[PDB]
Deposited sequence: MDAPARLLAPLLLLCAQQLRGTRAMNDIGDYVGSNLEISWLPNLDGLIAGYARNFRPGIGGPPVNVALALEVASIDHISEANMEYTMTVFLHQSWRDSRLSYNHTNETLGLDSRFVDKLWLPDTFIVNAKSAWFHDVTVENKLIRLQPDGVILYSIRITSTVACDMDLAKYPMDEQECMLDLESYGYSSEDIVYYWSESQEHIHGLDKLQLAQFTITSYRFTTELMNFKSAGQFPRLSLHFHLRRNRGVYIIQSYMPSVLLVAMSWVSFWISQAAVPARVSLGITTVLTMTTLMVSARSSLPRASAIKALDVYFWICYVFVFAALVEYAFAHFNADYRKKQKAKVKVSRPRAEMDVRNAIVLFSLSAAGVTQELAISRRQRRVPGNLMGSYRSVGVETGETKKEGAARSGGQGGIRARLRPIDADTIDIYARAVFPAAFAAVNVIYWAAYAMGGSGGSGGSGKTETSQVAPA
C-alpha cells in the first residue's frame, strides 16, 4: 500500500485536464428523525456511497479488493460532494470514523460514509394539517464543475434506498424519486446536481381530532344555551362568554405552535368559522333579551344553528380533502 501512496498527488482529481471524473452515487437512508414545520427542516441519517475510478491506485498481482479503514481516507483524493440544502451536517465517529474505502485492482474506489444532516425543506401550510409535503435532498460537487466531476445515480440506488422500511411518527412516505439535474450553474461553470425527492403525507388521526373536536364541542356548548330558559339571564350570558373566551384562547394557542407562520392555515380557518357561531349564539340571546325589554327566535335557533354549522363543515371538509 505504501508503494501506491508513494508518488500519489492528493491535490488533483484523476485525469486532471482530461475527461471529467464519472462518480457513481448511492444513498441508504437510515432514518428521518425529526420533521419540524416550525423550523422548516428535517433530520436524516444516510449512508452515502461514492464510486469512481482512479487509475493512479491500480495495482498488480492481486485480484482481491483491499478493504481499508478510515485512516487511509486522508491519503486519497475525494469528490467534494456536499448537500446543497443542508442547514447542518456531521459525521459519526464512534467508535471510529464511520468511513469505508474498498480498493479494487482496476482502480475502482468504493467510498462509504455515515452522515446525519439537518436538511431544510420548504413546506406549504395552506392545507395544514391536511397537507402533503415534498422534501428534497440535493447532492452536488462544491468546487468541481461539469468539466471535472460528473455525478449519476448508481444502478443499485433503486434497491438500497431503504425508504420503504422507514417508519415516521407523524408522516408517511407516499412516493420517492431520484432526479438528475445536469443544467445547474450556480456561480462558475455547470454543476450537475443529484436530487432525491420524497413526498410526505401527514397522518390524519387522533392528532387532528384533538384540535377539531373541542372546537366543535365549544360550538355545541353554545347550542345548549338555546334550550335554557331566557329568564336565566346570568346562566345564558355566562355560557355565551365562556365559549367565546375559550375559542379566542384556543386560536392564540394554536398559532403560537408555529410562531413564524404568516400564512392562513386550514386549522385557522376552522377556528374562525367556529368563533363566528359561538359569537352569534350570544348575539342571538342578546336580541331575544332586547326584544323582551322572542320565544320563536330561540326555537328557530335550535334548528338553524346546528344545520348551518353542519353545512359549513361539509364545505370546509370537502374543499381541503
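Taken in order along the deposited sequence, the stretches absent from the coordinates are 1-43, 337-423, 452-472.
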